[PDB]
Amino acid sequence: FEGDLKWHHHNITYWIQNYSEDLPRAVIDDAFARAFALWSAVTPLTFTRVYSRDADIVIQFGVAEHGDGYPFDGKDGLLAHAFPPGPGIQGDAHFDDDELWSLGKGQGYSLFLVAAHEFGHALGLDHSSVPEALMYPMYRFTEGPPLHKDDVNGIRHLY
């Protein structure tokens, strides 16, 4: 799930294929939209929601075996995974629906913060070594602006 390719276009599209059962669809749509806004705010990239398989970034929730060759591991552990820029499954983001999805403080994992991380990968970013960076390989809930200077540098270096 590591590559050295970026998107050659800036008007990126995404399709929310299916939903998690833990949150209302209006809440999920908004969380994803706000996750994309974080990135489009520090780059010339834009994100448009479409409803066909033609989108660049296809989003889906799955449990265990779900299509590709990297099944999820049930409760906890791996929360999700995304693929680097490119055609087909490339650039897609998958979330493990065996996890309890929520938002803000409290039990469960923030769909908003995890989405922002996955979309980072979907745009070409690799993991960061800075603990407070959003791209750090470990989940950590936080309030306030999610993107660290390190995350902003990495994304602007590509676009």
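Numbering starts at 1 and follows the sequence shown.
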Assert higher mean C-alpha B factor (123 to 131 or 93 to 101, deposited values) equals 123 to 131
As the entry reports it, the stretch among 58 to 66 and 45 to 53 with higher mean C-alpha B factor is 45 to 53
Hey, what third does residue 137 fall into on Cα B-factor, ranked over its chain? middle
Binned into thirds over the chain's modelled residues, the C-alpha B-factor of residue 18 lands in the lowest
